[PDB]
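Following: one structure in structure tokens, then a few remarks.
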Amino acid sequence: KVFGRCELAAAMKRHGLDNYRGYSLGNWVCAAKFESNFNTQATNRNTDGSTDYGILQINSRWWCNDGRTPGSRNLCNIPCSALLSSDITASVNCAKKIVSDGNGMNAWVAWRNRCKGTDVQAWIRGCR
Ligand SMILES: [Cl-]
Ligand SMILES: [Cl-]
Ligand SMILES: [Cl-]
Ligand code: NA
């Protein structure tokens, strides 16, 4: 499923992401845009053999199991395929654990490079 901008903002707020760990809703929508273009089925193979999955491009090296990342962990304790669902609950719950591990949203390189320090409230402006 490709979410609309306001539709994802609402679903993210629905699931407790707005101001989670102090990161306003605009930050998560902005990150989703540049990670996945709002597509839950997005996947991207990394150099190290790991793979990013879903709306927030959550990586198999640490966070989910795909059975093909030698020496990886599964700290969200989910199959990576659950991160590709039209229902964003598993991506949101895993995102909560990633953003709590010390680096905040810098864990998403695309957020640091493309959302950090910008006017992220524009990404929810006009939405209900
Ligand atoms: Cl915001
Ligand atoms: Cl694996
Ligand atoms: Cl932080
Ligand atoms: Na893994």
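Letters for chains follow the order of the structure tokens (A, B, ...), residue numbers begin at 1 for each chain, and ligand numbers begin at 1 in the order shown.
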Check: Would you give me, as a ChimeraX atom specification, the residues in stretch 1-67 of chain A that DSSP reads as alpha helix (DSSP H)?
Finding: /A:5-14,25-36
Write the selection just made, keeping N, CA and C atoms, as a compact mmCIF listing (two decimals), in the first residue's frame?
```txt
# COMPACT_ATOMS: atom_id res chain seq x y z
N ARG A 5 -0.13 11.27 2.23
CA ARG A 5 0.62 12.00 3.25
C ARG A 5 -0.18 12.14 4.54
N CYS A 6 -1.36 12.76 4.46
CA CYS A 6 -2.19 12.94 5.65
C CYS A 6 -2.68 11.61 6.20
N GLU A 7 -2.89 10.63 5.32
CA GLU A 7 -3.39 9.34 5.78
C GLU A 7 -2.34 8.63 6.63
N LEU A 8 -1.07 8.70 6.24
CA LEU A 8 0.00 8.11 7.05
C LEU A 8 0.21 8.89 8.35
N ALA A 9 0.23 10.22 8.28
CA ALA A 9 0.29 11.04 9.48
C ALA A 9 -0.75 10.60 10.51
N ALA A 10 -2.00 10.42 10.07
CA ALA A 10 -3.05 9.99 10.99
C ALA A 10 -2.80 8.59 11.53
N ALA A 11 -2.41 7.66 10.66
CA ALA A 11 -2.15 6.30 11.12
C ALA A 11 -0.96 6.27 12.08
N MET A 12 0.04 7.10 11.83
CA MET A 12 1.17 7.18 12.76
C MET A 12 0.74 7.75 14.10
N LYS A 13 -0.06 8.82 14.09
CA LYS A 13 -0.60 9.35 15.33
C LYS A 13 -1.50 8.34 16.00
N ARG A 14 -2.38 7.72 15.22
CA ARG A 14 -3.16 6.58 15.68
C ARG A 14 -2.33 5.61 16.53
N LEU A 25 5.32 14.69 14.88
CA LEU A 25 4.79 13.86 13.80
C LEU A 25 5.46 14.18 12.48
N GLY A 26 5.72 15.46 12.21
CA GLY A 26 6.34 15.83 10.95
C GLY A 26 7.64 15.09 10.70
N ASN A 27 8.37 14.74 11.77
CA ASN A 27 9.64 14.04 11.61
C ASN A 27 9.44 12.64 11.04
N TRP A 28 8.40 11.94 11.49
CA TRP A 28 8.21 10.56 11.04
C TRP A 28 7.68 10.51 9.62
N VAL A 29 6.76 11.42 9.28
CA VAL A 29 6.23 11.49 7.91
C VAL A 29 7.34 11.84 6.93
N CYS A 30 8.13 12.88 7.26
CA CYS A 30 9.30 13.25 6.47
C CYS A 30 10.22 12.06 6.23
N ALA A 31 10.55 11.33 7.31
CA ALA A 31 11.41 10.15 7.19
C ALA A 31 10.78 9.11 6.27
N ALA A 32 9.49 8.84 6.46
CA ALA A 32 8.82 7.85 5.62
C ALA A 32 8.89 8.25 4.15
N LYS A 33 8.60 9.52 3.84
CA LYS A 33 8.69 9.98 2.46
C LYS A 33 10.01 9.59 1.81
N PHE A 34 11.13 9.95 2.45
CA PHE A 34 12.42 9.79 1.80
C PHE A 34 12.97 8.38 1.91
N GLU A 35 12.47 7.59 2.87
CA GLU A 35 12.87 6.19 2.98
C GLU A 35 12.12 5.31 1.98
N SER A 36 10.80 5.50 1.86
CA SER A 36 9.95 4.57 1.13
C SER A 36 9.00 5.22 0.16
```
Checklist line | Site check for ligand 2: residues at most 8 Å away, only C-alpha atoms and all ligand atoms, as a PyMOL selection string | finding: chain A and resi 60-61+65-73
Just write the chosen residues, N, CA and C atoms, as a PDB file, in the first residue's frame.
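Saved as result_23.pdb:
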```pdb
ATOM      1  N   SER A  60      17.571  -5.462   8.482  1.00  0.00           N
ATOM      2  CA  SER A  60      17.634  -6.823   9.003  1.00  0.00           C
ATOM      3  C   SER A  60      18.897  -7.092   9.816  1.00  0.00           C
ATOM      4  N   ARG A  61      19.925  -6.246   9.699  1.00  0.00           N
ATOM      5  CA  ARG A  61      21.155  -6.466  10.452  1.00  0.00           C
ATOM      6  C   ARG A  61      20.876  -6.543  11.952  1.00  0.00           C
ATOM      7  N   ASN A  65      14.026 -10.493  11.351  1.00  0.00           N
ATOM      8  CA  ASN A  65      14.600 -11.721  10.805  1.00  0.00           C
ATOM      9  C   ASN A  65      14.107 -11.948   9.387  1.00  0.00           C
ATOM     10  N   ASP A  66      15.048 -12.092   8.442  1.00  0.00           N
ATOM     11  CA  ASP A  66      14.729 -12.565   7.097  1.00  0.00           C
ATOM     12  C   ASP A  66      15.445 -13.859   6.736  1.00  0.00           C
ATOM     13  N   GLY A  67      16.125 -14.491   7.684  1.00  0.00           N
ATOM     14  CA  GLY A  67      16.827 -15.722   7.405  1.00  0.00           C
ATOM     15  C   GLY A  67      17.970 -15.610   6.427  1.00  0.00           C
ATOM     16  N   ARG A  68      18.352 -14.402   6.004  1.00  0.00           N
ATOM     17  CA  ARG A  68      19.502 -14.305   5.108  1.00  0.00           C
ATOM     18  C   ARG A  68      20.440 -13.161   5.441  1.00  0.00           C
ATOM     19  N   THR A  69      20.600 -12.822   6.715  1.00  0.00           N
ATOM     20  CA  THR A  69      21.599 -11.823   7.089  1.00  0.00           C
ATOM     21  C   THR A  69      22.548 -12.487   8.078  1.00  0.00           C
ATOM     22  N   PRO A  70      23.583 -13.169   7.595  1.00  0.00           N
ATOM     23  CA  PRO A  70      24.488 -13.907   8.488  1.00  0.00           C
ATOM     24  C   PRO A  70      25.003 -13.045   9.640  1.00  0.00           C
ATOM     25  N   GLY A  71      24.885 -13.574  10.862  1.00  0.00           N
ATOM     26  CA  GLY A  71      25.312 -12.853  12.052  1.00  0.00           C
ATOM     27  C   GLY A  71      24.418 -11.709  12.506  1.00  0.00           C
ATOM     28  N   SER A  72      23.171 -11.661  12.062  1.00  0.00           N
ATOM     29  CA  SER A  72      22.302 -10.564  12.444  1.00  0.00           C
ATOM     30  C   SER A  72      21.508 -10.914  13.702  1.00  0.00           C
ATOM     31  N   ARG A  73      20.865  -9.896  14.266  1.00  0.00           N
ATOM     32  CA  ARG A  73      19.952 -10.032  15.381  1.00  0.00           C
ATOM     33  C   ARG A  73      18.527  -9.753  14.911  1.00  0.00           C
TER      34      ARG A  73
END
```
Hey, which bits of chain A sit within 12 Å of ligand 3, and for each residue what's the closest pair of atoms and how far apart in Å (one decimal), counting only C-alpha atoms and all ligand atoms, rows by chain and increasing number, as a tab-separated table?
```
residue	atom	partner	partner_atom_place_in_ligand_line	distance
A:19	CA	ligand 3	1 (Cl)	10.8
A:20	CA	ligand 3	1 (Cl)	9.7
A:21	CA	ligand 3	1 (Cl)	6.4
A:22	CA	ligand 3	1 (Cl)	6.8
A:23	CA	ligand 3	1 (Cl)	7.6
A:24	CA	ligand 3	1 (Cl)	11.2
A:27	CA	ligand 3	1 (Cl)	11.9
A:96	CA	ligand 3	1 (Cl)	11.8
A:98	CA	ligand 3	1 (Cl)	11.1
A:99	CA	ligand 3	1 (Cl)	7.6
A:100	CA	ligand 3	1 (Cl)	7.8
A:101	CA	ligand 3	1 (Cl)	9.4
A:102	CA	ligand 3	1 (Cl)	7.3
A:103	CA	ligand 3	1 (Cl)	6.4
A:104	CA	ligand 3	1 (Cl)	4.1
A:105	CA	ligand 3	1 (Cl)	6.8
A:106	CA	ligand 3	1 (Cl)	8.4
A:107	CA	ligand 3	1 (Cl)	10.3
A:112	CA	ligand 3	1 (Cl)	11.9
A:116	CA	ligand 3	1 (Cl)	11.6
```
Checklist line | Polymer residues at most 9 Å from residue A:57, only C-alpha atoms, same-chain spacing of 2 or more positions, as a PyMOL selection string | finding: chain A and resi 32+35-36+40+42-44+51-55+59+83+91+108
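When atom CA of residue A:76 is paired with atom CA of residue A:88, their separation reads 14.2 Å.
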